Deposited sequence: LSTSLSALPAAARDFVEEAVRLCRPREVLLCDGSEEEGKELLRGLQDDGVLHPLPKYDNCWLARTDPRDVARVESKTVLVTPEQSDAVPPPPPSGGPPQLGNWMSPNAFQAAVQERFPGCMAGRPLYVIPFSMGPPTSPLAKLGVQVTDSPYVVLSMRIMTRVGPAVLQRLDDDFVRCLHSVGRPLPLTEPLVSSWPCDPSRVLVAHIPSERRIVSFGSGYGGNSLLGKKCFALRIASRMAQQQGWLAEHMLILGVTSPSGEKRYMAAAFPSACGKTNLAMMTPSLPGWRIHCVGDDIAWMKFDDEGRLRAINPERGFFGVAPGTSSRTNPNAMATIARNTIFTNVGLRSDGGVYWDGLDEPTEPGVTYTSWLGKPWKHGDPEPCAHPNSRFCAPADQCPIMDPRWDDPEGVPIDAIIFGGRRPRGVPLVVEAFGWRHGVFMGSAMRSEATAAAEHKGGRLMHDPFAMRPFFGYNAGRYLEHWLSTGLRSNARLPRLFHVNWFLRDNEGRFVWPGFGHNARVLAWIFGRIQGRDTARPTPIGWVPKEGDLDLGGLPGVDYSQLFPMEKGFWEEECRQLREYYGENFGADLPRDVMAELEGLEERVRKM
């Protein structure tokens, strides 16, 4: 933290001074990403009452939020473009709520800024955060400058991105301007809740791609405030990608090594509550196989000169949902979050540790709890101890299975892309697409019952139909080594309501099959929905009782209904903006189902 801004290049300096004149902060501080700066930020945050130390652990801290500021606010998140059709398809003609993004006109956007930002930082320091999305020297990396009046945001951006000097050395006119304020100028006219400033009634999270700009007001929380995380890495980036010939995706990236020494990388898009982080840092249950984590949320991908799809993880840390995390379910995540971690809205224990539903850290008898609301809590309370969207924010380099190339500037070659879902019936354990367009259809048809195409539903940066067109166009690249495309479902249930598939480390068996398919192996049989593993070619050795026929249902009734639902979904939500090739795939599936 320094008041000297002379190291900022001209365009970055211009942006900072614009924000200063608008927001009227008490002082202006340039962040350098150093260890000493982190200690300073922590001290101020503890003094402000925002952070509780967690003396059970090594340098971990707990923040709590105002109950009105606990998650991304989709209804207040908007794309700002001169033409509405550049941002979103036509409104559902039957009058249903728009579900592929919100549009705000430039006129309306500017008027909204003018109601909110003038003088919003009075009495507060403004912090300048120069940051890189990706290793700063990667050809796939992109820079930003975020200004904010939240030390909490500064601390978390330091973890989630690359911040400081090394970024400054690369900074020119080409960066994303990221303007943030909690919207609580001093003096306060009423007490805060949990020392957490916000302006919930006026929250606005705006994306202005034509201006390389993100503007976020009134929330201090994760997806709204850490502008690299979703605003930049998916919304702004997806539009850049469409214009510049790459892909910015809501995908984990992992490396899979066979017992015989070959390594393949795979990306996977999962909607919420499908075990995304459990897959990305899985400990495999097939002897000889290794899994490494490259990232568990965002993937930026571009074809190289040889036609290989190269991916980087543009983030430097994990901002993960805490509830459910345990040594039983994810020992790698437990190791990642054991030190130098900021927890938000989890429970606090009398022994100075944390608590959330599912946590299995041994604790002494007589240990007691305080909920994320600051109230005493005991098991059986109608409310959870930790908020369901409570988070850890931890450096990625603490994950024991980080891939050796997780921060390699060249990126890793992707040979499979996996779409995920959670269905009790109908959708097989694993299916491979018959080709590129068929796979793009599978991605567009993902569910979460809600539809979540490519797991991008809340994160489109431009017309979702045109994003599907971009995916189709991408497959036409001359001499591209296109990854094979798959859809997986870990969550089929049997007649008794128990899972047919044990999941977790056994998911490695599904990755092993996919690995073999990448290798050109003759291990599949055709079905109306795509290729499935032949019985015997999916390794079920050591899984006695697991019933192959239950893992690969082929139910005509289910698919007839699924087709009806998709047709209605496409018609209402994409209309004329749906690419013909996608509709053609639905029509093909319909005809194949007719003959089954």
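- Missing from the model relative to the deposited sequence is only the stretch 449-460 (no C-alpha coordinates, numbering from 1).
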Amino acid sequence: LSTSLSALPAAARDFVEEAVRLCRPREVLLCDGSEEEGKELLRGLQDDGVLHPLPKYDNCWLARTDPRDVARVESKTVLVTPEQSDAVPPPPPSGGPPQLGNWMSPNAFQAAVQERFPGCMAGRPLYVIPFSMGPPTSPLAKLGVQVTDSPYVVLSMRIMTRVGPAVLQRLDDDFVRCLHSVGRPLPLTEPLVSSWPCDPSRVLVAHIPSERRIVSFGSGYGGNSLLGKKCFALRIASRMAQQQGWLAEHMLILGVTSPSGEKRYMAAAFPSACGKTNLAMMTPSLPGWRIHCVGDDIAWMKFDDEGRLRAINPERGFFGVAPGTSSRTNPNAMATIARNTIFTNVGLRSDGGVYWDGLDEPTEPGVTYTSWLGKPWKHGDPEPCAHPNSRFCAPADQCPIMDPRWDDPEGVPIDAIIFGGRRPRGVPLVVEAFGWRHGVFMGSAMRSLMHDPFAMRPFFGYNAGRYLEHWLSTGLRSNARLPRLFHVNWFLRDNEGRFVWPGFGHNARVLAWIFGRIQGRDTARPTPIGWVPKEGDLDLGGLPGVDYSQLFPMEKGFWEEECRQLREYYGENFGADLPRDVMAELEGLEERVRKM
From here on, numbers count along this sequence of modelled residues.
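- Mean CA B-factor, 164-172 versus 338-346: the higher value falls on 164-172.
- Comparing the deposited coordinates for 284-292 and 270-278, the stretch with the larger average C-alpha B-factor is 270-278.
- When the modelled residues of the chain are ordered by C-alpha B-factor, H487 sits in the lowest third.
- Ranked within its chain, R567 lands in the middle third, by CA B factor from the PDB record.
- Ranked by Cα temperature factor within the chain, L5 sits in the highest third according to the deposited record.
- Ranked by C-alpha B-factor against the other modelled residues of its chain, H470 falls in the middle third.
- In the deposited entry, the Cα temperature factor of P533 places it in the middle third of its chain's modelled residues.
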